[PDB]
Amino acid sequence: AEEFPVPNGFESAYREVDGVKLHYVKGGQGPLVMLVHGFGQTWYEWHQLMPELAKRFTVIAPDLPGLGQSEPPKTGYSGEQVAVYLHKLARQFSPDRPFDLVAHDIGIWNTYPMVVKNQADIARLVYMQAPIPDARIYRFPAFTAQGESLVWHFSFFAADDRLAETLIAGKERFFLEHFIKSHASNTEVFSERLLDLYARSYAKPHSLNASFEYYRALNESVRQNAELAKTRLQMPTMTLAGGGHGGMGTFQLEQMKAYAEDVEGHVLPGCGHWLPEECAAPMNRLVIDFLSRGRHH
């Protein structure tokens, strides 16, 4: 069974990594690019970008542990723990050469530690729409002069007593539509049909729980990154952020400048959080061009 339709010429497959069965979709030829999705979604957020990248790269898009069709992690959900799975997965397909990385939302949290600990393995890096977990997140406001802030879900999802699963179970499709659209500028790309696909996936009980365990580990990830950040990233990096409702605006680049020696950033107007879907044409162009500066098929 497949939760989302595989683009023509791609394969849906699984690979056991440290006892955890990870789902991924792979296609193309050439140097490897790994694309890592975020909360509320799966590999499928990349499905429009993947055929274009596969003209020049081998493309792999895994489901994060516990999400999509991937088994939950056996170690834990902190960034350093999850990054081991993703690093080992990528290195199975690119054992002798560095690979490229594109990551969205908590995909950043789940890859930053393996990037900084294995810098020679990462040729080029693209990060979009999430802070790297550090002390800056403790200053984000709970409430804004416009109304509800974009990050109160940090506390909701991290709350104990399984608060979020208990309130959202049985209402997953309602919650996800509200959550996605509230973080979007171009909301009407989120058709009922597309929302149905995403909601059915994260409504699996272990996936609903996995979704929130990433946030229950957020403070641990901050503590991990306080040590890791003592070494700046040396590879070429690009940040993308939405400029519209739901977008991180200038924060994405400004934080990354503290982490990376070589970074360029873009803010996409009229685009919110969900860049691959809200603003596919400019986002895909920016990613393809940036990765194509390095060698490719």
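Residue positions are given as counts along the sequence shown, with the first one as 1. For clarity, a rigid core is taken as the largest C-alpha set superposing within 1.5 Å between two forms.
Comparing the two stretches 144 to 152 and 88 to 96 by root mean square C-alpha distance in 5 other deposited structures of this protein, with all structures fitted on the core, the more displaced one is 144 to 152.
Relative to its counterpart among 181 to 189 and 91 to 99, 91 to 99 has the higher mean temperature factor, C-alpha atoms as listed in the PDB entry. In this entry, 117 to 125 shows the higher mean Cα temperature factor of the pair 117 to 125 and 211 to 219.
Across the residues 37, 47, 230, 266, the deposited record lists the maximum Cα B factor for 230. Per the PDB record, residue ranking by Cα B-factor puts residue 19 in the highest third of the chain.
Looking at the C-alpha B-factors along this chain, the one for residue 282 belongs to the middle third.
Per the PDB record, residue ranking by Cα B-factor puts residue 68 in the lowest third of the chain. For residue 201, the recorded CA B-factor ranks within the lowest third of the chain. Only modelled residues enter the ranking.
Ranked by C-alpha B-factor against the other modelled residues of its chain, residue 237 falls in the middle third.
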